[PDB]
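Asker: Next up, coords-v9.tsv (TSV, C-alpha atoms (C1' of nucleotides) and all ligand atoms).
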chain	number	residue	atom	x	y	z
A	560	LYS	CA	-17.59	24.90	-13.14
A	561	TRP	CA	-16.27	27.78	-15.24
A	562	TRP	CA	-12.99	25.92	-15.81
A	563	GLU	CA	-14.37	22.93	-17.71
A	564	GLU	CA	-16.66	25.00	-19.93
A	565	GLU	CA	-13.73	27.31	-20.70
A	566	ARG	CA	-11.66	24.25	-21.60
A	567	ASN	CA	-14.19	23.40	-24.31
A	568	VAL	CA	-13.93	26.85	-25.91
A	569	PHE	CA	-10.22	26.69	-26.77
A	570	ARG	CA	-10.28	22.93	-27.40
A	571	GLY	CA	-12.99	23.61	-29.96
A	572	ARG	CA	-10.77	26.32	-31.42
A	573	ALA	CA	-7.69	24.09	-31.23
A	574	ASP	CA	-9.36	21.34	-33.27
A	575	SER	CA	-10.73	24.05	-35.56
A	576	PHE	CA	-7.15	25.22	-36.06
A	577	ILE	CA	-6.11	21.63	-36.82
A	578	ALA	CA	-9.07	20.95	-39.11
A	579	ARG	CA	-8.65	24.09	-41.22
A	580	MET	CA	-4.91	23.57	-41.72
A	581	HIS	CA	-5.12	19.79	-42.20
A	582	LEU	CA	-6.88	20.50	-45.50
A	583	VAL	CA	-3.88	22.57	-46.61
A	584	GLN	CA	-1.04	21.16	-44.46
A	585	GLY	CA	-1.43	17.64	-45.83
A	586	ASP	CA	-2.21	14.57	-43.76
A	587	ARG	CA	0.12	13.40	-40.99
A	588	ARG	CA	-0.47	11.25	-37.91
A	589	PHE	CA	1.75	9.23	-35.59
A	590	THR	CA	4.21	7.21	-37.69
A	591	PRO	CA	6.64	5.25	-35.48
A	592	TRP	CA	10.40	5.15	-35.92
A	593	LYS	CA	12.93	2.56	-34.76
A	594	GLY	CA	15.12	4.98	-32.80
A	595	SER	CA	16.52	3.98	-29.43
A	596	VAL	CA	15.98	6.14	-26.36
A	597	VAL	CA	19.66	7.08	-26.06
A	598	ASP	CA	19.54	8.18	-29.69
A	599	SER	CA	16.60	10.49	-28.91
A	600	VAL	CA	18.45	11.87	-25.88
A	601	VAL	CA	21.50	12.65	-28.01
A	602	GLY	CA	19.28	14.20	-30.68
A	603	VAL	CA	17.64	16.54	-28.18
A	604	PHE	CA	21.16	17.25	-26.93
A	605	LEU	CA	22.28	18.27	-30.42
A	606	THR	CA	19.19	20.33	-31.34
A	607	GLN	CA	19.71	23.05	-28.69
A	608	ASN	CA	19.61	26.63	-30.04
A	609	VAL	CA	20.42	25.51	-33.61
A	610	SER	CA	18.39	25.09	-36.78
A	611	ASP	CA	16.85	21.66	-37.32
A	612	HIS	CA	18.77	20.72	-40.48
A	613	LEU	CA	22.16	21.53	-38.93
A	614	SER	CA	21.29	19.55	-35.80
A	615	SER	CA	20.23	16.51	-37.84
A	616	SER	CA	23.32	16.71	-40.05
A	617	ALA	CA	25.54	16.86	-36.97
A	618	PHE	CA	23.97	13.64	-35.66
A	619	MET	CA	24.36	11.98	-39.06
A	620	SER	CA	28.06	12.90	-39.16
A	621	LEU	CA	28.43	11.63	-35.59
A	622	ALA	CA	26.89	8.31	-36.63
A	623	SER	CA	29.12	8.03	-39.70
A	624	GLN	CA	32.31	8.82	-37.77
A	625	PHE	CA	31.63	6.15	-35.13
A	626	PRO	CA	29.41	3.43	-36.66
A	627	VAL	CA	27.94	0.34	-35.04
A	628	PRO	CA	29.02	-2.67	-37.15
A	629	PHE	CA	26.00	-3.43	-39.34
A	630	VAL	CA	25.05	-3.80	-42.99
A	878	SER	CA	13.29	-2.53	-32.73
A	879	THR	CA	15.48	-0.28	-30.57
A	880	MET	CA	19.11	-0.63	-31.66
A	881	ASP	CA	21.76	2.06	-31.31
A	882	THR	CA	23.25	3.28	-34.58
A	883	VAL	CA	26.40	4.67	-32.91
A	884	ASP	CA	29.07	2.90	-30.86
A	885	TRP	CA	28.44	5.12	-27.84
A	886	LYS	CA	30.93	3.06	-25.83
A	887	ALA	CA	33.65	3.92	-28.35
A	888	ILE	CA	32.64	7.59	-28.27
A	889	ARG	CA	32.92	7.60	-24.48
A	890	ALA	CA	36.31	5.89	-24.81
A	891	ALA	CA	37.26	8.24	-27.64
A	892	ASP	CA	39.33	11.37	-27.08
A	893	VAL	CA	37.55	14.71	-26.94
A	894	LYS	CA	39.37	16.22	-29.93
A	895	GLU	CA	37.99	13.90	-32.62
A	896	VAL	CA	34.47	14.05	-31.17
A	897	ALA	CA	34.53	17.85	-31.16
A	898	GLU	CA	35.86	17.88	-34.72
A	899	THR	CA	33.09	15.49	-35.80
A	900	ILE	CA	30.23	17.86	-34.91
A	901	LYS	CA	32.17	21.13	-35.30
A	902	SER	CA	29.91	22.17	-38.20
A	903	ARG	CA	26.97	22.61	-35.83
A	904	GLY	CA	28.68	24.90	-33.32
A	905	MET	CA	29.46	24.74	-29.61
A	906	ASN	CA	31.65	21.79	-30.58
A	907	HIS	CA	33.81	21.54	-27.45
A	908	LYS	CA	30.96	22.35	-25.04
A	909	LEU	CA	28.51	19.85	-26.54
A	910	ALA	CA	31.22	17.21	-26.98
A	911	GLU	CA	32.22	17.45	-23.32
A	912	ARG	CA	28.58	17.38	-22.22
A	913	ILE	CA	27.99	14.24	-24.31
A	914	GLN	CA	31.11	12.59	-22.88
A	915	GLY	CA	29.98	13.44	-19.35
A	916	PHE	CA	26.50	12.09	-20.07
A	917	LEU	CA	27.92	8.80	-21.34
A	918	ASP	CA	30.35	8.57	-18.42
A	919	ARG	CA	27.53	9.10	-15.91
A	920	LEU	CA	25.40	6.54	-17.75
A	921	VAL	CA	28.22	4.00	-17.42
A	922	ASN	CA	29.01	4.87	-13.79
A	923	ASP	CA	25.39	4.73	-12.57
A	924	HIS	CA	22.94	1.93	-13.48
A	925	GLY	CA	25.44	-0.31	-15.26
A	926	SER	CA	26.08	-0.17	-18.99
A	927	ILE	CA	24.58	2.08	-21.66
A	928	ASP	CA	20.86	1.30	-21.81
A	929	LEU	CA	17.72	3.39	-21.29
A	930	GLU	CA	14.95	1.15	-22.66
A	931	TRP	CA	13.43	0.70	-19.19
A	932	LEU	CA	12.54	4.41	-19.15
A	933	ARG	CA	9.49	3.50	-21.24
A	934	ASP	CA	8.05	1.29	-18.48
A	935	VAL	CA	8.33	3.71	-15.54
A	936	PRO	CA	5.57	6.24	-14.74
A	937	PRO	CA	5.84	9.48	-16.74
A	938	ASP	CA	6.61	11.83	-13.84
A	939	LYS	CA	9.57	9.84	-12.52
A	940	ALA	CA	10.92	9.43	-16.06
A	941	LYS	CA	10.64	13.20	-16.57
A	942	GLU	CA	12.44	13.88	-13.29
A	943	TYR	CA	15.25	11.44	-14.08
A	944	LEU	CA	15.69	12.92	-17.56
A	945	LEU	CA	15.72	16.46	-16.14
A	946	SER	CA	18.33	15.38	-13.58
A	947	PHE	CA	20.98	15.38	-16.31
A	948	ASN	CA	23.03	18.50	-16.92
A	949	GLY	CA	22.50	20.27	-20.23
A	950	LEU	CA	18.80	19.33	-20.39
A	951	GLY	CA	16.00	21.74	-19.55
A	952	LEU	CA	12.22	21.68	-19.41
A	953	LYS	CA	11.54	22.02	-23.14
A	954	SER	CA	13.97	19.31	-24.26
A	955	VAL	CA	12.55	16.84	-21.72
A	956	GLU	CA	9.00	17.71	-22.76
A	957	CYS	CA	9.85	17.13	-26.42
A	958	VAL	CA	11.52	13.80	-25.58
A	959	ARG	CA	8.51	12.64	-23.56
A	960	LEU	CA	5.94	13.73	-26.14
A	961	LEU	CA	7.77	12.32	-29.16
A	962	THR	CA	9.62	9.29	-27.75
A	963	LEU	CA	7.74	7.95	-24.71
A	964	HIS	CA	4.32	8.96	-26.12
A	965	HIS	CA	3.27	10.79	-22.94
A	966	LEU	CA	0.92	13.78	-22.74
A	967	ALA	CA	3.24	16.80	-22.82
A	968	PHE	CA	3.60	19.88	-24.99
A	969	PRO	CA	6.84	21.77	-25.75
A	970	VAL	CA	6.17	25.53	-25.71
A	971	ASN	CA	8.97	26.83	-27.93
A	972	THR	CA	9.35	30.15	-29.73
A	973	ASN	CA	7.15	28.78	-32.52
A	974	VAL	CA	4.47	27.75	-30.01
A	975	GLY	CA	4.51	30.94	-27.94
A	976	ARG	CA	4.39	33.36	-30.87
A	977	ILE	CA	1.61	31.41	-32.60
A	978	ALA	CA	-0.42	31.09	-29.40
A	979	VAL	CA	-0.14	34.81	-28.63
A	980	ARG	CA	-0.82	36.05	-32.16
A	981	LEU	CA	-3.55	33.59	-33.18
A	982	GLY	CA	-6.31	34.75	-30.86
A	983	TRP	CA	-5.48	32.30	-28.06
A	984	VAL	CA	-3.43	34.09	-25.39
A	999	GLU	CA	4.63	44.50	-31.71
A	1000	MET	CA	7.99	42.79	-31.09
A	1001	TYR	CA	7.09	42.58	-27.40
A	1002	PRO	CA	9.50	40.13	-25.69
A	1003	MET	CA	7.36	37.66	-23.73
A	1004	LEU	CA	9.05	35.37	-21.18
A	1005	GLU	CA	8.30	31.68	-21.78
A	1006	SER	CA	5.82	31.18	-18.95
A	1007	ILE	CA	2.68	30.92	-21.07
A	1008	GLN	CA	2.93	27.16	-20.48
A	1009	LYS	CA	1.44	27.78	-17.03
A	1010	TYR	CA	-1.37	29.47	-18.96
A	1011	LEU	CA	-1.52	27.26	-22.06
A	1012	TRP	CA	-1.07	23.79	-20.57
A	1013	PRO	CA	-4.01	23.86	-18.09
A	1014	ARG	CA	-6.20	24.64	-21.10
A	1015	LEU	CA	-4.64	21.63	-22.85
A	1016	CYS	CA	-4.28	19.38	-19.79
A	1017	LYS	CA	-7.32	17.32	-20.83
A	1018	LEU	CA	-6.85	16.42	-24.49
A	1019	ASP	CA	-6.15	13.43	-26.70
A	1020	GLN	CA	-2.47	12.47	-27.01
A	1021	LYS	CA	-2.70	11.90	-30.68
A	1022	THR	CA	-4.31	15.31	-30.80
A	1023	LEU	CA	-1.30	16.99	-29.22
A	1024	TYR	CA	1.31	15.34	-31.40
A	1025	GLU	CA	-0.64	16.17	-34.55
A	1026	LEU	CA	-1.47	19.70	-33.51
A	1027	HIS	CA	2.04	20.34	-33.27
A	1028	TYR	CA	3.51	18.76	-36.16
A	1029	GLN	CA	1.02	21.14	-37.83
A	1030	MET	CA	2.03	24.18	-35.79
A	1031	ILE	CA	5.71	23.67	-36.34
A	1032	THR	CA	4.79	23.59	-39.96
A	1033	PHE	CA	2.58	26.72	-39.78
A	1034	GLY	CA	5.19	28.60	-37.84
A	1035	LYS	CA	7.74	27.81	-40.46
A	1036	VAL	CA	5.54	28.38	-43.49
A	1037	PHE	CA	3.07	31.22	-42.87
A	1038	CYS	CA	3.45	32.87	-39.45
A	1039	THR	CA	7.13	33.74	-39.53
A	1040	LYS	CA	8.45	36.38	-37.14
A	1041	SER	CA	9.19	38.90	-39.91
A	1042	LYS	CA	6.59	39.66	-42.59
A	1043	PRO	CA	4.09	36.78	-42.27
A	1044	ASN	CA	2.14	35.85	-45.41
A	1045	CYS	CA	-1.09	36.90	-43.72
A	1046	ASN	CA	-2.87	37.34	-47.07
A	1047	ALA	CA	-2.74	33.64	-47.93
A	1048	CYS	CA	-3.02	32.41	-44.34
A	1049	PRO	CA	-6.28	30.45	-43.84
A	1050	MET	CA	-6.54	31.57	-40.19
A	1051	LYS	CA	-6.45	35.26	-41.13
A	1052	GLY	CA	-10.12	35.47	-40.14
A	1053	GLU	CA	-9.53	34.33	-36.55
A	1054	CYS	CA	-6.07	35.89	-36.16
A	1055	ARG	CA	-5.89	38.34	-33.27
A	1056	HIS	CA	-2.62	39.75	-34.60
A	1057	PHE	CA	-4.57	40.68	-37.73
A	1058	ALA	CA	-6.75	42.93	-35.57
A	1059	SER	CA	-3.64	44.38	-33.91
A	1060	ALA	CA	-2.30	45.34	-37.33
A	1061	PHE	CA	-5.80	46.00	-38.69
A	1203	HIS	CA	13.24	21.81	-60.48
A	1204	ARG	CA	10.58	19.39	-61.69
A	1205	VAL	CA	11.65	15.76	-61.33
A	1206	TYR	CA	10.51	12.33	-62.50
A	1207	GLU	CA	9.92	9.82	-59.71
A	1208	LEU	CA	11.22	6.27	-60.09
A	1209	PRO	CA	8.98	3.31	-59.24
A	1210	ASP	CA	10.02	0.80	-56.60
A	1211	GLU	CA	11.08	-1.82	-59.17
A	1212	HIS	CA	12.88	0.60	-61.50
A	1213	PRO	CA	16.13	-0.89	-62.89
A	1214	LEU	CA	18.18	2.15	-61.84
A	1215	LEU	CA	17.87	1.37	-58.11
A	1216	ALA	CA	19.64	-2.00	-58.40
A	1217	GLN	CA	22.61	-0.76	-56.37
A	1218	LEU	CA	20.23	1.09	-54.06
A	1219	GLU	CA	19.07	-0.51	-50.83
A	1220	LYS	CA	15.56	-1.87	-50.34
A	1221	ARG	CA	12.95	0.78	-49.62
A	1222	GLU	CA	11.41	0.96	-46.17
A	1223	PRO	CA	7.84	-0.43	-46.35
A	1224	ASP	CA	6.52	2.31	-44.06
A	1225	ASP	CA	7.92	5.33	-45.89
A	1226	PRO	CA	5.28	7.15	-47.99
A	1227	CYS	CA	7.97	8.79	-50.13
A	1228	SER	CA	9.33	7.27	-53.34
A	1229	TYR	CA	12.69	7.34	-55.08
A	1230	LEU	CA	13.33	10.38	-57.27
A	1231	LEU	CA	15.50	11.03	-60.32
A	1232	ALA	CA	17.58	14.22	-60.20
A	1233	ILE	CA	18.05	14.96	-63.90
A	1234	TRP	CA	20.71	17.35	-65.18
A	1280	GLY	CA	22.19	11.84	-63.83
A	1281	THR	CA	21.60	11.95	-60.08
A	1282	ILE	CA	19.19	10.28	-57.65
A	1283	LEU	CA	17.45	11.63	-54.55
A	1284	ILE	CA	16.90	9.12	-51.73
A	1285	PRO	CA	13.95	9.58	-49.34
A	1286	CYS	CA	14.93	10.38	-45.78
A	1287	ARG	CA	13.34	7.34	-44.13
A	1288	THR	CA	14.77	5.00	-46.76
A	1289	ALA	CA	18.19	6.66	-46.51
A	1290	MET	CA	18.27	6.33	-42.71
A	1291	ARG	CA	16.53	2.91	-42.68
A	1292	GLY	CA	14.12	4.56	-40.28
A	1293	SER	CA	15.75	4.38	-36.85
A	1294	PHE	CA	16.05	8.13	-36.38
A	1295	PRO	CA	15.49	10.04	-33.13
A	1296	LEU	CA	12.48	12.16	-32.18
A	1297	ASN	CA	10.09	10.17	-34.41
A	1298	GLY	CA	11.77	11.77	-37.42
A	1299	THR	CA	10.20	15.14	-36.67
A	1300	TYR	CA	13.33	16.79	-38.10
A	1301	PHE	CA	12.24	16.03	-41.66
A	1302	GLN	CA	9.14	17.38	-43.38
A	1303	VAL	CA	6.52	15.06	-44.85
A	1304	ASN	CA	8.28	15.11	-48.24
A	1305	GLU	CA	11.87	15.80	-47.15
A	1306	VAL	CA	14.42	13.82	-49.18
A	1307	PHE	CA	18.19	13.43	-49.25
A	1308	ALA	CA	20.67	13.60	-52.12
A	1309	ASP	CA	23.33	11.09	-53.16
A	1310	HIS	CA	26.80	12.63	-52.86
A	1311	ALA	CA	28.46	9.88	-54.91
A	1312	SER	CA	25.92	10.29	-57.71
A	1313	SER	CA	26.18	14.08	-57.46
A	1314	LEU	CA	29.97	14.14	-57.84
A	1315	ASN	CA	30.03	11.30	-60.38
A	1316	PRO	CA	26.69	11.38	-62.25
A	1317	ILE	CA	24.88	8.14	-63.02
A	1318	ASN	CA	23.57	9.46	-66.34
A	1319	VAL	CA	21.73	7.39	-68.95
A	1320	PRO	CA	21.19	9.62	-72.05
A	1328	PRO	CA	4.63	11.12	-63.42
A	1329	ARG	CA	6.19	14.54	-62.83
A	1330	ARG	CA	6.65	16.07	-59.37
A	1331	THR	CA	7.96	19.48	-58.33
A	1332	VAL	CA	10.89	19.83	-55.92
A	1333	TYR	CA	11.77	23.12	-54.23
A	1334	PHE	CA	15.46	23.47	-53.33
A	1335	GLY	CA	16.81	25.89	-50.75
A	1336	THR	CA	19.04	26.38	-47.75
A	1337	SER	CA	16.18	25.85	-45.28
A	1338	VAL	CA	12.44	25.30	-44.98
A	1339	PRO	CA	11.39	28.89	-44.05
A	1340	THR	CA	13.21	30.51	-46.98
A	1341	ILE	CA	11.54	28.65	-49.86
A	1342	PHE	CA	8.08	28.53	-48.27
A	1343	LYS	CA	7.66	32.31	-48.39
A	1344	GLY	CA	4.98	32.29	-51.07
A	1345	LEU	CA	2.55	35.10	-51.86
A	1346	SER	CA	0.03	32.53	-53.15
A	1347	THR	CA	-1.76	29.94	-51.03
A	1348	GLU	CA	-2.45	27.53	-53.90
A	1349	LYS	CA	1.26	27.10	-54.66
A	1350	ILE	CA	2.06	26.15	-51.06
A	1351	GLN	CA	-0.97	23.85	-50.84
A	1352	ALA	CA	0.12	22.04	-54.01
A	1353	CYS	CA	3.71	21.83	-52.76
A	1354	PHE	CA	2.42	20.27	-49.53
A	1355	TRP	CA	-0.03	17.76	-50.97
A	1356	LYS	CA	1.87	16.73	-54.13
A	1357	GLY	CA	5.40	18.14	-53.87
A	1358	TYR	CA	8.87	17.48	-52.49
A	1359	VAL	CA	11.57	19.47	-50.69
A	1360	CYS	CA	15.34	18.92	-50.55
A	1361	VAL	CA	17.96	20.97	-48.68
A	1362	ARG	CA	21.02	18.77	-48.16
A	1363	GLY	CA	23.21	16.00	-49.55
A	1364	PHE	CA	24.34	12.59	-48.34
A	1365	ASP	CA	26.82	9.85	-49.26
A	1366	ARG	CA	26.03	6.14	-49.22
A	1367	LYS	CA	29.58	4.79	-48.94
A	1368	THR	CA	30.44	6.29	-45.53
A	1369	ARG	CA	26.82	7.15	-44.55
A	1370	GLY	CA	27.84	10.71	-43.72
A	1371	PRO	CA	26.29	14.04	-44.64
A	1372	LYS	CA	28.15	16.10	-47.23
A	1373	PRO	CA	27.72	19.69	-48.42
A	1374	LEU	CA	25.21	20.14	-51.23
B	1	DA	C1'	16.73	46.32	10.67
B	2	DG	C1'	19.70	44.55	8.47
B	3	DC	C1'	19.78	40.40	6.70
B	4	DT	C1'	17.42	37.03	3.09
B	5	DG	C1'	16.00	35.84	-1.13
B	6	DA	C1'	13.42	35.27	-4.86
B	7	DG	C1'	13.62	36.35	-9.19
B	8	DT	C1'	15.10	37.78	-13.23
B	9	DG	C1'	18.61	39.87	-16.83
B	10	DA	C1'	22.70	39.89	-19.20
B	11	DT	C1'	26.41	37.11	-21.07
B	12	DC	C1'	28.55	33.30	-23.80
B	13	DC	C1'	30.32	28.62	-24.96
B	14	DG	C1'	29.64	28.81	-31.88
B	15	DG	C1'	28.79	27.99	-36.70
B	16	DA	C1'	25.79	29.39	-40.75
B	17	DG	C1'	22.75	31.80	-43.23
B	18	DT	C1'	19.99	36.53	-44.45
B	19	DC	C1'	19.49	41.73	-43.83
B	20	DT	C1'	20.24	46.14	-43.51
B	21	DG	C1'	22.33	50.44	-44.04
B	22	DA	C1'	25.96	52.86	-45.18
B	23	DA	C1'	28.91	54.13	-48.67
B	24	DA	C1'	29.52	55.13	-53.41
B	25	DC	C1'	28.23	56.30	-57.92
B	26	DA	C1'	25.01	58.07	-61.05
C	1	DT	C1'	28.94	47.98	-56.88
C	2	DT	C1'	31.11	46.00	-51.66
C	3	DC	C1'	30.66	44.47	-46.80
C	4	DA	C1'	30.71	44.39	-41.73
C	5	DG	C1'	28.59	43.25	-38.39
C	6	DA	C1'	23.20	42.74	-36.46
C	7	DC	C1'	20.05	39.46	-36.09
C	8	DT	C1'	17.74	34.30	-35.91
C	9	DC	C1'	18.36	29.44	-35.14
C	10	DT	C1'	12.54	23.63	-31.53
C	11	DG	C1'	18.11	26.59	-25.30
C	12	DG	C1'	21.34	26.12	-20.68
C	13	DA	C1'	24.50	27.26	-17.14
C	14	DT	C1'	26.83	31.29	-14.32
C	15	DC	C1'	27.22	35.42	-12.28
C	16	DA	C1'	25.45	39.69	-10.93
C	17	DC	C1'	21.89	42.23	-8.68
C	18	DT	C1'	16.62	45.30	-7.97
C	19	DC	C1'	12.26	44.37	-5.71
C	20	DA	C1'	9.82	42.13	-2.25
C	21	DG	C1'	10.05	39.66	2.54
C	22	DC	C1'	10.51	39.91	7.29
C	23	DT	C1'	9.95	40.02	11.80
D	1	LIG	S1	-2.81	35.86	-40.54
D	1	LIG	FE1	-0.57	36.32	-40.49
D	1	LIG	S2	-0.13	36.71	-38.29
D	1	LIG	FE2	-2.16	35.69	-38.36
D	1	LIG	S3	-1.67	33.48	-38.09
D	1	LIG	FE3	-1.75	33.85	-40.34
D	1	LIG	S4	0.42	34.30	-40.90
D	1	LIG	FE4	0.29	34.50	-38.63
Let's see the structure in the file written out as structure tokens.
Answerer:
Amino acid sequence: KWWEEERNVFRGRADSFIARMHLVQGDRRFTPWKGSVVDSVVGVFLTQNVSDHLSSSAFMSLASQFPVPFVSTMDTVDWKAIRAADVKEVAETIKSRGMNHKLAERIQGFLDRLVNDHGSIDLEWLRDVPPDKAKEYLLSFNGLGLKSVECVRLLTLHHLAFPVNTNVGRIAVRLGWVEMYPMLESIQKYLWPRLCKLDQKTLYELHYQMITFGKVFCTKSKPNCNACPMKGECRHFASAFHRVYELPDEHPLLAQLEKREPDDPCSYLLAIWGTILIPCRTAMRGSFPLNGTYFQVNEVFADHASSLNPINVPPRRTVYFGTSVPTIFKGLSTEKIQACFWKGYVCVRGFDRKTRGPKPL
DNA sequence: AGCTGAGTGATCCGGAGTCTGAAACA
DNA sequence: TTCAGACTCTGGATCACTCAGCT
């Protein structure tokens, strides 16, 4: 059949795209997180039409404002209190993200429906049910579309789905697979049958890589096509033609700091001027929605208390600071970005340990 | 035939950055 | 040197309305 042999052609190219970038884009496979299903639902709720860092910071502020009493799937937010809470404070809590009243009312309605139907607030059983019925039940909610449900299923329930976002569509069109021409998002009906038969781990990995490639090299305006490894196979090419010292685990400075997560590859950093940068997984104790796909491989947080009041006592790694990932990554040299990926760190925001809430940098 | 209707295109609930061009001045 | 909007940002829900559909 012509279909199956045509499946091999792009699947061979897809793994070729993964293999070529994996040399430069670092190494990353499925690393589990302890986030509950409701947490992932609220995360996909908050990441609609907004940049990733703002969406994550909004969820962090939401968690800090209404905390579960603490020091596996466990909710980090007293969702019952939020549902019982008045709309004004909830809207004020996430006002920094935007659409504060709209999203707050949608969240309150979601929680109210969850309480009214199927008893109390729990969605752990969604993992057991067959994927199609879970997808339909998730889509049944208002404020959720196809792409959000696909991302939830792929990242949380480990199904075989692929979110075709603006990053995915542009990359697929330009990179010899399928101008400023506005293309309607229907290439999924084209792309997915090609990718219907593929390894699950393959899909998750391909895309962590693509999200990264979309953000680093193949930006919408002025892509760094000179340093891009896939410039040879790029169809769009034919159309056109501060350093820090890292602190060991048992360093005396981290006595007040909490115990590091055993799974996190990152290590504690020293922000010299005295300030400390906490790794994202350690800062959040894992337990973050969407498998922690918000944060890069080497994304770290900052300590607001140590930033305002320095803890100063009077190997070397490079940290690139900026407002967002795409801004700093615009590099005319490939070697610099490869080094920053394999042996570098990135920080964009700040965080406080006392109230566990995000603070401006 | 004279009423569907399917399907798309604007719009906006909203903050927060960057980017142009205009202006201005030489 | 200002600076005011014009865009983008892992999208959804409403309302209005041009091309097919038909019988
Ligand atoms: S060569 Fe340029 S357009 Fe092609 S994939 Fe690389 S960055 Fe994108």
Asker: Determine the nearest neighbour of ligand LIG 1 (chain D) from the options A:1312, A:1346, A:1044, A:1297, counting only C-alpha atoms and all ligand atoms.
Answerer: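 Using only C-alpha atoms and all ligand atoms, ligand LIG 1 (chain D) sits closest to A:1044.
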Asker: Select all residues from chain A having any atom no more than 12 Å from an atom of chain C (counting only C-alpha atoms (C1' of nucleotides), ignoring ligands), output as a PyMOL selection string.
Answerer: chain A and resi 602-614+903-904+908-909+912+947-958+968-975+1005+1027-1028+1030-1032+1034-1035+1039-1041+1296+1299-1300+1337+1339
Asker: Restricting it to C-alpha atoms, dump the selection as a short mmCIF file (atom, residue, chain, number, x, y, z; two decimals), in the frame of the given file.
Answerer:
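Now in result.cif:
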data_model
loop_
_atom_site.label_atom_id
_atom_site.label_comp_id
_atom_site.auth_asym_id
_atom_site.auth_seq_id
_atom_site.Cartn_x
_atom_site.Cartn_y
_atom_site.Cartn_z
CA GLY A 602 19.28 14.20 -30.68
CA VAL A 603 17.64 16.54 -28.18
CA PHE A 604 21.16 17.25 -26.93
CA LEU A 605 22.28 18.27 -30.42
CA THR A 606 19.19 20.33 -31.34
CA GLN A 607 19.71 23.05 -28.69
CA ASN A 608 19.61 26.63 -30.04
CA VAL A 609 20.42 25.51 -33.61
CA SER A 610 18.39 25.09 -36.78
CA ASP A 611 16.85 21.66 -37.32
CA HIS A 612 18.77 20.72 -40.48
CA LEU A 613 22.16 21.53 -38.93
CA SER A 614 21.29 19.55 -35.80
CA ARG A 903 26.97 22.61 -35.83
CA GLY A 904 28.68 24.90 -33.32
CA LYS A 908 30.96 22.35 -25.04
CA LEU A 909 28.51 19.85 -26.54
CA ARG A 912 28.58 17.38 -22.22
CA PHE A 947 20.98 15.38 -16.31
CA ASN A 948 23.03 18.50 -16.92
CA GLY A 949 22.50 20.27 -20.23
CA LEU A 950 18.80 19.33 -20.39
CA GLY A 951 16.00 21.74 -19.55
CA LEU A 952 12.22 21.68 -19.41
CA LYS A 953 11.54 22.02 -23.14
CA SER A 954 13.97 19.31 -24.26
CA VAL A 955 12.55 16.84 -21.72
CA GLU A 956 9.00 17.71 -22.76
CA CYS A 957 9.85 17.13 -26.42
CA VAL A 958 11.52 13.80 -25.58
CA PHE A 968 3.60 19.88 -24.99
CA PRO A 969 6.84 21.77 -25.75
CA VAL A 970 6.17 25.53 -25.71
CA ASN A 971 8.97 26.83 -27.93
CA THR A 972 9.35 30.15 -29.73
CA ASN A 973 7.15 28.78 -32.52
CA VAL A 974 4.47 27.75 -30.01
CA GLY A 975 4.51 30.94 -27.94
CA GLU A 1005 8.30 31.68 -21.78
CA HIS A 1027 2.04 20.34 -33.27
CA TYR A 1028 3.51 18.76 -36.16
CA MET A 1030 2.03 24.18 -35.79
CA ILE A 1031 5.71 23.67 -36.34
CA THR A 1032 4.79 23.59 -39.96
CA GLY A 1034 5.19 28.60 -37.84
CA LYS A 1035 7.74 27.81 -40.46
CA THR A 1039 7.13 33.74 -39.53
CA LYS A 1040 8.45 36.38 -37.14
CA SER A 1041 9.19 38.90 -39.91
CA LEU A 1296 12.48 12.16 -32.18
CA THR A 1299 10.20 15.14 -36.67
CA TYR A 1300 13.33 16.79 -38.10
CA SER A 1337 16.18 25.85 -45.28
CA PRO A 1339 11.39 28.89 -44.05
#
Asker: Between A:905, A:596, A:896, A:880, single out the one closest to chain B, counting only C-alpha atoms (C1' of nucleotides).
Answerer: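 Going through A:905, A:596, A:896, A:880 one by one, the smallest distance to chain B is for A:905.
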Asker: Residues up to 8 Å from ligand LIG 1 (chain D), counting only C-alpha atoms (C1' of nucleotides) and all ligand atoms: could you list those as a ChimeraX atom specification?
Answerer: /A:977,980-981,1033-1034,1037-1039,1043-1057
Asker: Please, which residues of chain B lie no more than 12 Å from chain A when the count uses only C-alpha atoms (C1' of nucleotides), and can they be set out as JSON, numbers by chain?
Answerer: {"B": [8, 9, 12, 13, 14, 15, 16, 17, 18, 19]}
Asker: Any idea what the distance is between atom CA of residue 621 of chain A and atom CA of residue 1370 of chain A?
Answerer: 8.2 Å
Asker: Using atom CA of residue 1214 of chain A and atom CA of residue 1366 of chain A as the two end points, give the distance in Å to one decimal.
Answerer: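 Calculated distance between atom CA of residue 1214 of chain A and atom CA of residue 1366 of chain A is 15.4 Å.
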Asker: Distance atom CA of residue 1281 of chain A-atom CA of residue 1317 of chain A, one decimal place?
Answerer: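 It comes out at 5.8 Å.
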Asker: Between A:1218, A:1011, A:1319, A:1350, which one has atoms that come closest to residue 1280 of chain A, using all atoms listed in the file?
Answerer: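 Closest to residue 1280 of chain A of all the choices is A:1319.
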Asker: For segment 1015-1017 of chain A, work out the shell of residues within 9 Å, counting all atoms listed in the file and skipping chain neighbours fewer than 3 positions away, then give it as a list in words.
Answerer: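 Contacts, in chain order: residues 566, 569, 570, 966, 967, 968, 1011, 1012 and 1023 of chain A.
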Asker: Could you please give me, as a PyMOL selection string, the residues of protein, DNA or RNA lying at most 12 Å from (27.5, 22.7, -49.0) in the coordinate frame of the file, considering only C-alpha atoms (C1' of nucleotides)?
Answerer: (chain A and resi 613+616+902+1308+1310+1335-1336+1361-1364+1371-1374) or (chain B and resi 16-17)
